[PDB]
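>>> With the input below, show me the fold.
(2 chains, ligands or ions: 1)
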There are 2 protein chains.
Amino acid sequence: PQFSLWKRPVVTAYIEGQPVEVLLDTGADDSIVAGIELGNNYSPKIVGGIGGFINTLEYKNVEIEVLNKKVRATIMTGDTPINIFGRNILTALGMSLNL
Amino acid sequence: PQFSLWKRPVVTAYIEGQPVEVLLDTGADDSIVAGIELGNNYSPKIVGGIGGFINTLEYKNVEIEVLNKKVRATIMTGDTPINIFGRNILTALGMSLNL
Ligand SMILES: CC[C@H](C)[C@H](NC(=O)[C@H](C(C)C)[C@@H](O)[C@H](O)[C@H](CC1CCCCC1)NC(=O)[C@H](Cc1c[nH]c[nH+]1)NC(=O)COc1cccc2ccccc12)C(=O)NCc1ccccn1
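Residues are numbered from 1 along each chain as shown, chains lettered A, B, ... in the order given. Below is the structure:
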């Protein structure tokens, strides 16, 4: 699939059985999903963007299915207005930006 | 041509003469830059993201040349740590995210 940028490129993902809507963001190093339950093997981290810095919960190799394709990749939880899917998953899926 | 997400998709643009390193971001509704003196032709505004809000000077019809294409578009000025090229500029050059 092609992606028009006329609308926000929001697609729906299943984060390990848990369905969730995420934004394909090529200006994110990482992926931040709010309120999903991923467990116990976490490490707190802080992320940054334009208003400042947020505190997160880093989980590794979680399983993810999006655009009907599979992946295991780092997942950071936090207080984000939207679930962002950054470059770490975009590469995993083989996504690109074309002019 | 084409771009991978291995590395930040950062490009060299020229906003009315002045060259700058910009991030191609499908996750921004708007474009924001710093260290560029546009003029006393603006409207002020509050754009938000991770970490909260920031204030900007909004400037309509600015001319840009990036990746061999010339376009005219709104550009916001403010305290962004990295210059940003949002969806307003992506659709002006005919870029898309594909899989
Ligand atoms: C750390 C991971 C994280 C994803 C991070 N990057 C960013 O946040 C990107 C850059 C500033 C670097 C940023 O453009 C990004 O993609 C974010 C992510 C955003 C989170 C909120 C939900 C929607 C998406 N986009 C943005 O910040 C753009 C900026 C903008 C332009 N016009 C108006 N606003 N925001 C938007 O388009 C408006 O989004 C919103 C959508 C829905 C609700 C919202 C509620 C409140 C605020 C925003 C909402 C990064 O890698 N940063 C590297 C870095 C940071 C600091 C210092 C050095 N390096």
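
>>> Can you verify residue A:27 is assigned to a helix?
No - secondary structure of residue A:27 (DSSP: H, G, I helix; E, B strand; the rest coil): coil, not part of a helix.

>>> Tell me who's in contact with it.
A:86, B:8, B:9, B:23, B:24, B:25, B:26, B:27, B:28, B:84 (Cβ atoms under 8 Å, 6 or more residues apart in numbering or on different chains). Yep, even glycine has a C-beta here, placed from its N, CA and C like the rest.

>>> Please identify the residues of chain A in proximity to chain B?
A:1-6, A:8-9, A:23-29, A:32, A:47-54, A:67, A:69, A:80-81, A:84, A:87, A:90-91, A:93-99 (Cβ under 8 Å from any Cβ of the partner chain).

>>> what about residue A:56, neighbour count?
Residue A:56 sits with 21 neighbouring residues when counted by other Cβ atoms under 10 Å in any protein chain shown.

>>> Any of the residues of chain A next to chain B buried? List them.
Among the residues of chain A next to chain B, the ones that count as buried by 16 or more other Cβ atoms under 10 Å in any protein chain shown are A:3, A:5, A:9, A:23-28, A:32, A:47, A:49-50, A:54, A:80, A:84, A:87, A:90-91, A:93, A:95-97.

>>> Tell me which of those residues fall in helices.
With helices defined by DSSP state H, the entries of these inside them are A:87, A:90, A:91.

>>> For residue A:31, see how far away the residue nearest in space to the middle of chain A is.
Nearest to the geometric centre of chain A sits residue A:85, at 2.7 Å (Cα atoms, centre = their mean). Distance, residue A:85 to residue A:31, using Cβ to Cβ, to the nearest Å: 5 Å.

>>> follow-up on the earlier one: same for the ligand: which of the contacts of residue A:27 are within range?
Restricting the contacts of residue A:27 to those near the ligand by Cβ under 6 Å from any ligand atom leaves A:86, B:25, B:27, B:28, B:84.

>>> Report the contact partners of residue A:96.
B:2, B:3, B:4, B:5, B:97, B:98.

>>> run the last query once more with 7 Å
Contacts for residue A:96 (Cβ atoms under 7 Å, 6 or more residues apart in numbering or on different chains) come out as B:2, B:3, B:4, B:98.

>>> Tell me which two in these are the farthest apart.
Taking Cβ to Cβ as the measure, the contacts of residue A:96 span a maximum distance of 11.9 Å, between B:4 and B:98.

>>> longest strand anywhere in chain A?
strand A:53-66 (DSSP state E).

>>> ok, back up a step: surely the residue nearest to the centre of chain A touches residue A:23?
Yes - here residue A:85 reaches residue A:23: they are 6.4 Å apart, a contact under Cβ atoms under 7 Å.

>>> Tell me the residues of chain A that contact the ligand?
Close to the ligand, as judged by Cβ under 6 Å from any ligand atom, chain A has residues A:23, A:25, A:27-30, A:47-50, A:80-82, A:84, A:86.

>>> can you rerun that using 5 Å?
Residues of chain A found near the ligand (Cβ under 5 Å from any ligand atom) are A:25, A:27, A:28, A:29, A:30, A:47, A:48, A:49, A:50, A:81, A:82.

>>> Fine, thanks again, bye for now.
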